[PDB]
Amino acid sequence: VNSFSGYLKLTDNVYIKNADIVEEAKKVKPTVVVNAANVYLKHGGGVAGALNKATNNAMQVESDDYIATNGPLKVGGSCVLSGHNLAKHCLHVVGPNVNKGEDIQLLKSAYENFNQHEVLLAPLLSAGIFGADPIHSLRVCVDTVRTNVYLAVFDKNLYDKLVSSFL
């Protein structure tokens, strides 16, 4: 039993809800919140910009030190950093950004990072400003993640299409 509330159950382990991941994380304070990161951990917009704003830019400060030490992530890769005031940990995961021409096949590799954590609050990878079809992203999530994932979809219209079109 966990403290996630109001989710629709899609499969044994995947759940989905219309919610602002920022507000969800503050309420639940999950062990792991997933960020829709880029390889440079520059959290300028989208989910990443919103999560960083909620940390008063502490996420960005920590991220800049991470990059200065380790260099950029790989597309499809991840790193674990602090969750600041939002969660215990933040798993920064880089899905392909279609608006950069990045290979959509890497979306499965991106979701594989979730399997290293028993329970996660997450957005749909490569959705929003990363340019991929959120319906496809949900399919890859369900077919790749085996741990317990709570998917937060900010847009109410998009959420209804995801559910009503889910197979």
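One rule holds for the numbers: they count along the sequence shown, beginning at 1.
Colleague: Tell me which stretch has the larger mean Cα B-factor in this entry, 132-140 or 23-31.
Modeller: Here the higher of the two C-alpha B-factor means belongs to 23-31.
Colleague: If you average the CA temperature factors as listed in the entry, which stretch comes out higher, 107-115 or 94-102?
Modeller: Higher mean C-alpha B-factor in the PDB entry: 94-102.
Colleague: Which third of the chain does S82 land in by C-alpha B-factor: lowest, middle or highest?
Modeller: Middle third - that is where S82 ends up once the chain's C-alpha B-factors are sorted.
Colleague: State the tercile, meaning the lowest, middle or highest third, of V153 with respect to the CA B-factors recorded for its chain.
Modeller: For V153, the deposited C-alpha B-factor lands in the highest third.
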